[PDB]
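Protein chains in written order, with UniProt numbering: chain A, 11 to 126; chain B, 1 to 101; chain C, 2 to 88; chain D, 19 to 88. For each residue, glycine too, the CB sits at the ideal point set by N, CA and C.
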Amino acid sequence: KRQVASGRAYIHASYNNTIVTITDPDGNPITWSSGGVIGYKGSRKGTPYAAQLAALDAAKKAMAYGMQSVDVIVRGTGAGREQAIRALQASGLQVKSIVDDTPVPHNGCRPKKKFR
Amino acid sequence: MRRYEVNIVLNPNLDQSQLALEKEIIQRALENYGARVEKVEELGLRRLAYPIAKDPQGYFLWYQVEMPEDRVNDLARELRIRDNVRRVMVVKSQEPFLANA
Amino acid sequence: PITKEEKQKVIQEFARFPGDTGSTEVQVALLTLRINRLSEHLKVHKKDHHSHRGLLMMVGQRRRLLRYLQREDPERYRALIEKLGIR
Amino acid sequence: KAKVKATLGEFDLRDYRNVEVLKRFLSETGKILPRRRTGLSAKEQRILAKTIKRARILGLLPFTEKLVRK
RNA sequence: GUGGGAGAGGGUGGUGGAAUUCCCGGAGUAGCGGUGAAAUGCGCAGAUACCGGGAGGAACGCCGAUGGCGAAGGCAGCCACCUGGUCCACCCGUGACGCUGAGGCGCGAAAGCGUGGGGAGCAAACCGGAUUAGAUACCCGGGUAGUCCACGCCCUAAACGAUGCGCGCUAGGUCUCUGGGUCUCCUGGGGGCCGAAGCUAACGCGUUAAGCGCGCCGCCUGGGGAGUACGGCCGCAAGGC
Ligand SMILES: [Mg+2]
Ligand SMILES: [Mg+2]
Ligand SMILES: [Mg+2]
Ligand SMILES: [Mg+2]
Ligand SMILES: [Mg+2]
Ligand SMILES: [Mg+2]
Ligand SMILES: [Mg+2]
Ligand SMILES: [Mg+2]
Ligand SMILES: [Mg+2]
Ligand SMILES: [Mg+2]
Ligand SMILES: [Mg+2]
Ligand SMILES: [Mg+2]
Ligand SMILES: [Mg+2]
Ligand SMILES: [Mg+2]
Ligand SMILES: [Mg+2]
Ligand SMILES: [Mg+2]
Ligand SMILES: [Mg+2]
Ligand SMILES: [Mg+2]
Ligand SMILES: [Mg+2]
Ligand SMILES: [Mg+2]
Ligand SMILES: [Mg+2]
Ligand SMILES: [Mg+2]
Ligand SMILES: [Mg+2]
Ligand SMILES: [Mg+2]
Ligand SMILES: [Mg+2]
Ligand SMILES: [Mg+2]
Ligand SMILES: [Mg+2]
Ligand SMILES: [Mg+2]
Ligand SMILES: [Mg+2]
Ligand SMILES: [Mg+2]
Ligand SMILES: [Mg+2]
Ligand SMILES: [Mg+2]
Ligand SMILES: [Mg+2]
Ligand SMILES: [Mg+2]
Ligand SMILES: [Mg+2]
Ligand SMILES: [Mg+2]
Ligand SMILES: [Mg+2]
Ligand SMILES: [Mg+2]
Ligand SMILES: [Mg+2]
Ligand SMILES: [Mg+2]
Numbered sequence: 011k012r013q014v015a016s017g018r019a020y021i022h023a024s025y026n027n028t029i030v031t032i033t034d035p036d037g038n039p040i041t042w043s044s045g046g047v048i049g050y051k052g053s054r055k056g057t058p059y060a061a062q063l064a065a066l067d068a069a070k071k072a073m074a075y076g077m078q079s080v081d082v083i084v085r086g087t088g089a090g091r092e093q094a095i096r097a098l099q100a101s102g103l104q105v106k107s108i109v110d111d112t113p114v115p116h117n118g119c120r121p122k123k124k125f126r
Numbered sequence: 001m002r003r004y005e006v007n008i009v010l011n012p013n014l015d016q017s018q019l020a021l022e023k024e025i026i027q028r029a030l031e032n033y034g035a036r037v038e039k040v041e042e043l044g045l046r047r048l049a050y051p052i053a054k055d056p057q058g059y060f061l062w063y064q065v066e067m068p069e070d071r072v073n074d075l076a077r078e079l080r081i082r083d084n085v086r087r088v089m090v091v092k093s094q095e096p097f098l099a100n101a
Numbered sequence: 002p003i004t005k006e007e008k009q010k011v012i013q014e015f016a017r018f019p020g021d022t023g024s025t026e027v028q029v030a031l032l033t034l035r036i037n038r039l040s041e042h043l044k045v046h047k048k049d050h051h052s053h054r055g056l057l058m059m060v061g062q063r064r065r066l067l068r069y070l071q072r073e074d075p076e077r078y079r080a081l082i083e084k085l086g087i088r
Numbered sequence: 019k020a021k022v023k024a025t026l027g028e029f030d031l032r033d034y035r036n037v038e039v040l041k042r043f044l045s046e047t048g049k050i051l052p053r054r055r056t057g058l059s060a061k062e063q064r065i066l067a068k069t070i071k072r073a074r075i076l077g078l079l080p081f082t083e084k085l086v087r088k
C-alpha cells in the first residue's frame, strides 16, 4: 500500500539468469522478479523468454502499487537483457528513459580463471 | 625556487567569515613555507563532474607561486590538514603548449 | 639537480685557461661533481639500481680520463687529484 | 562525422582548468576519445590525456558516465 | 661545453576514482548461484536484485598504438621531490683520452626460503559437487601457503630477435615515434614492412644483415646414458655453478 506514481526499474541480466527489481524514485525496492521467481529452474532461467516473463511479472506486481511511469536501468550483458527491456516497454508501464549502468572496473580485481 | 600552481577546492557551503578564515590559513601556510604569490584566480562555485564528500559543487582557488622545491610536499600536507579543504593539487608550471594553429 | 651556476663555477675553477670548457681537468671536475651528487643520492635510496649503474659508468669514465692524464702529464694529475680529493 | 580539433580555435592543450574545451574530447561516457575521433597527433593526444586525467582528479571532468538510449 | 627535446627508465612520499569483499542502515520476497545438463554451496537468523553510509586490500578502465623507455630482467591513474640513460642543433673546448673484455663486482621474471607485517580478489595443496569404465583431471562450490609491503636470501627461464659487442662499407620504396631545417620535402636518432647486390640447406636475411670486412669475448664437435654420478665452490633449505 504505497501509490508510488512514477519510479524506476533495474534489469540485472547475466548469462545464467535475468532479474528485475522495481523501485521508488529514491531507489528503494517495491517488488522484484526473476526467471526462477517464475517456474524456471535450471539453465532455462537465463533464457530470454524467462526474461520476458520476469519483466512482465515485476511490472504487474508494480502496477498493483499503482505505478505509471518507470525509468529503466540496465546492468549486465546477458541473453535476453534486451527482451527484458522489450517486454518492459509493452508492459503497460510507460517507459520514460532507458540507460546502461553496467559496472566495469578500472582494473582492480583478479577475475576467476574462468574469466581470464 | 621553482614556479608552481596551487589548486584548492573547498566547501561550497561555507559562509563569508569562515571561508576567508580558510583563506587566511592558506595565505599563512603558503607564506610560511617560503612561497611567494605571483597571481591568484578565484573561480569559486563550480559544478563538479562527480560528488566530493557528498557535495555536487566545489569552491575553487587557484594560486601561482615561487617556492623552495624541498618544501612543496610538506606545503601540500599543511594545506590538506584542514577539514574544510576537500582537494589540493600542486602542479609544476609549464609553458602553454598550443594546438589547432 | 646541478644548476647552470654551480656547473659554471666548477668549470671556471678548473679551466686551464679562460674559455677552456673541455680539457681533461674540467671533465674530471664535472664527473666528480656528478659522482658525489649521485653517491649522495644513493645513501638514501639504496634500492635505486638503475641510477647506480649510471654511477658505475661515471666512475669508469673518470678513471679513464685520469689514467690518460697521469700517462700524459703526471704533474697536472697530482694537482687534479689533490685538488679534488680523489684516490 | 568531423574530428574534434577540426572544430575549435587555438587552445592550450596543457590547460586542465578549461572544462569547456576539454569536455569536447570525452565520450558520451567519460572515456577519453581515440585519436581518430579527436584528430590529434601522437604528442598532442599524449598531452591531452594527462591534462584530462588532471582535470578529473580536480573534480571538473568525469571518470565515467551512464549510457543513455540503449 | 652551450642551448633545446621525447620518454610506463629508476627511487621516496603522497593522493584519485571505478570495481570486488565485508560491515551498518533502509526498502524488499523466495530464491540466488552455477552448468552441457546438474549438484555441492548460499538464503526465513531474510539471501539475490536496489538505494545510502563505512572499513579494507589489491590493481590502475578509456587514452593504448602494429606506440615509448631501459643493458637486461622489466616498466604504464595522478602529483611533488630525488635520480639514470639518451637524441638533435651550434662546430665552442680537450687532443687518440679508443674497442673488446677471461677473473672479479653488481643487476637479475616467476616460483621458492628466513624474520616481521598485511590479507580485498585470486588461488598449488587440500576439502566437497559433478562427469567418467575409473576421474587422483578438465567443469562447479569452498579454500591454505602464496599472491601484496619491509629487510635479508635464492641466480633459474622458450632470461628469445632462440641472432655477443664495437667500427667501416654495400640500391631503393613504404609506414611510424622523436629532434632540427630555408617545414612540398630535405636532414639526424629509434621502431616496423616490402625489397638491390649479395648470403642461405632451405625457410628466409637484406643500411634495425643472417651481406662485405677488421678487432675482442663466450660457445660447439653424433644420439641415449645425463645436466646424471663423483669432486669442488656457493645456499638456511629447496637447490644452483
Ligand atoms: Mg541458471
Ligand atoms: Mg581534508
Ligand atoms: Mg645538456
Ligand atoms: Mg625525467
Ligand atoms: Mg616512470
Ligand atoms: Mg617511478
Ligand atoms: Mg542489510
Ligand atoms: Mg537455510
Ligand atoms: Mg541455515
Ligand atoms: Mg578486513
Ligand atoms: Mg587496449
Ligand atoms: Mg629502445
Ligand atoms: Mg634526465
Ligand atoms: Mg673545433
Ligand atoms: Mg690545440
Ligand atoms: Mg665493455
Ligand atoms: Mg630473481
Ligand atoms: Mg617472486
Ligand atoms: Mg615470505
Ligand atoms: Mg577453483
Ligand atoms: Mg575432487
Ligand atoms: Mg566421483
Ligand atoms: Mg572462489
Ligand atoms: Mg608459513
Ligand atoms: Mg642459451
Ligand atoms: Mg660471431
Ligand atoms: Mg654493421
Ligand atoms: Mg619538424
Ligand atoms: Mg629510419
Ligand atoms: Mg626503413
Ligand atoms: Mg625482407
Ligand atoms: Mg650499417
Ligand atoms: Mg650467421
Ligand atoms: Mg656418446
Ligand atoms: Mg653428451
Ligand atoms: Mg638441473
Ligand atoms: Mg671426481
Ligand atoms: Mg654436488
Ligand atoms: Mg653449506
Ligand atoms: Mg631443479
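- Remark: C-beta atoms of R18 of chain A and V80 of chain A approach each other more closely than 8 Å.
- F125 of chain A sits in a helix when the DSSP states are folded into three classes.
- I75 of chain D has a beta carbon lying within less than 8 Å of a beta carbon in chain B.
- Neighbours of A99 of chain B in chain D, taken as residues whose beta carbon is under 9 Å from its own, are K23, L26, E28, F29, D30, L31, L58, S59, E62, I65 and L66 in chain order.
- At a Cβ-Cβ threshold of 8 Å, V37 of chain B and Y59 of chain B do not count as neighbours.
- Judged by beta-carbon spacing, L39 of chain C lies within the 8 Å limit of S52 of chain C, meaning their Cβ atoms are closer than that value.
- In this chain, the alpha helix (DSSP H) harbouring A64 of chain A covers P58 to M73.
- Three or more beta-carbon pairs drawn from the stretch 81-91 of chain A and the stretch 20-27 of chain A are found closer than 8 Å, and the two stretches are therefore classed as touching.
- For a cut-off of 8 Å, the C-beta gap from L32 of chain C to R63 of chain C is around 4 Å, short enough to register as a contact.
- Across the set D:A20, D:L78, D:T82 and D:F43, the C-alpha of D:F43 shows the shortest separation from the C-alpha of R64 of chain D.
- Around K71 of chain D, no beta-carbon contact reaches into chain A at under 8 Å, the shortest distance being about 12 Å.
- DSSP lists B:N7 as the bridge partner or partners of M89 of chain B.
- In this structure, B:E31 is the residue among B:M89, B:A49, B:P12 and B:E31 with its C-alpha nearest to the C-alpha of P68 of chain B.
- When secondary structure is reduced to three states using DSSP, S53 of chain A falls in the helix class.
- When C-beta distances to chain A are compared with 7 Å, every residue of the stretch 34-53 of chain D stays at or above that value.
- Between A69 of chain A and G102 of chain A, the C-beta gap is smaller than 8 Å, which places the two residues in contact.
- Taken in chain order, the complete alpha helix (DSSP H) segments of 4 or more residues contained in the stretch 5-70 of chain B are 16-32.
- Among the bridge pairs identified by DSSP, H22 of chain A is matched with A:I29 and A:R85.
- Contact between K21 of chain D and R55 of chain D holds, since their C-beta atoms are separated by about 7 Å, short of 8 Å.
- Under the DSSP assignment, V27 of chain C falls in the alpha helix (DSSP H) whose first and last residues are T25 to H42.
- The beta carbon of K88 of chain D sits closer than 8 Å to some beta carbon of chain A.
- For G58 of chain B, the nearest beta carbon of chain D is closer than 8 Å to its own beta carbon.
- Put simply, the stretch 8-25 of chain B touches the stretch 40-57 of chain B. At least three CB pairs are less than 8 Å apart.
- As the crow flies, the alpha-carbon of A76 of chain B is around 24 Å from that of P56 of chain B.
- With respect to chain D, the C-beta atom of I108 of chain A has a partner C-beta closer than 8 Å.
- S43 of chain A: member of the beta strand (DSSP E) spanning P39 to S44, first to last residue.
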